[PDB]
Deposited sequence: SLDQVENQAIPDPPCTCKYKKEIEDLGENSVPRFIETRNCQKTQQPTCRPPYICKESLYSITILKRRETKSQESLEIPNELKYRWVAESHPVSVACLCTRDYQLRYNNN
């Protein structure tokens, strides 16, 4: 009806990440103007590993892990067709 068909894709992020392969749903026409197809960004957390005091690992109160490192990762997870914020 008023929706955009989306395409699935894979993000490798290297083997150093615990969640290596990530699912990304991009925007790949209906829902003609004033609405236009945007990609809904969603932030997921990935667990990488040992580096030289790089940035600040997302809060994981350091006990067992600085051997590993938490990082935020925004990714397309849907293709919305809302007119809000263009």
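- Missing from the model relative to the deposited sequence are positions 1-13, 42-45, 104-109 (no C-alpha coordinates, numbering from 1).
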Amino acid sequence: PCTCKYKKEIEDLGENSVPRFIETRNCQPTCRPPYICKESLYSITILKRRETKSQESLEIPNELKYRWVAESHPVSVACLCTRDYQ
From here on, numbers count along this sequence of modelled residues.
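- When the two stretches 42-50 and 56-64 are set side by side, the higher mean Cα temperature factor goes to 56-64.
- Averaged over Cα atoms, the B-factor as recorded in the entry is higher for 65-73 than for the other of 65-73 and 18-26.
- When the CA B factors of the chain's modelled residues are split into thirds, the value for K8 lands in the lowest one.
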